[PDB]
Amino acid sequence: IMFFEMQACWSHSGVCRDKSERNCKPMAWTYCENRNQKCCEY
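Numbering (the authors' numbering), first residue to last: 1 to 42.
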């Protein structure tokens, strides 16, 4: 990576759910892919 600030959570891992999930954990810079789903803390 030489510019891609953030990135998927393929390594950091996490729970890929709805951005407005009522049961999400302390997500990290990592994400899932779509702006509708975020990668929260496993």
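We put the beta carbon where it would ideally sit given N, CA and C, even for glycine.
Cβ separation of residue i and residue j, assumed to be a contact under 8 Å, to the nearest whole Å
i: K25; j: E5; result: Actually they are not in contact, since the Cβ atoms of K25 and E5 sit about 22 Å apart, beyond 8 Å.
Element boundaries [beta strand (DSSP E), containing residue i]
i: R22; result: From DSSP, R22 is part of no beta strand (DSSP E); its letter is neither H nor E.
i: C40; result: 37-40
Residue i versus residue j - alpha carbon distance
i: residue 47; j: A28; result: Since the first and last residues shown for the chain are 1 and 42, residue 47 lies out of range.
i: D18; j: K38; result: 6 Å
i: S20; j: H12; result: 21 Å
Beta-carbon proximity list for residue i, same chain, < 6 Å, skipping 5 on both sides
i: residue 43; result: With the chain covering only 1 through 42, there is no way to say anything about residue 43.
Proximal residues to residue i (C-beta, below 8 Å), its chain only, five neighbours per side dropped
i: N23; result: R17
i: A8; result: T30, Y31, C32, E33, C39
i: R35; result: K19
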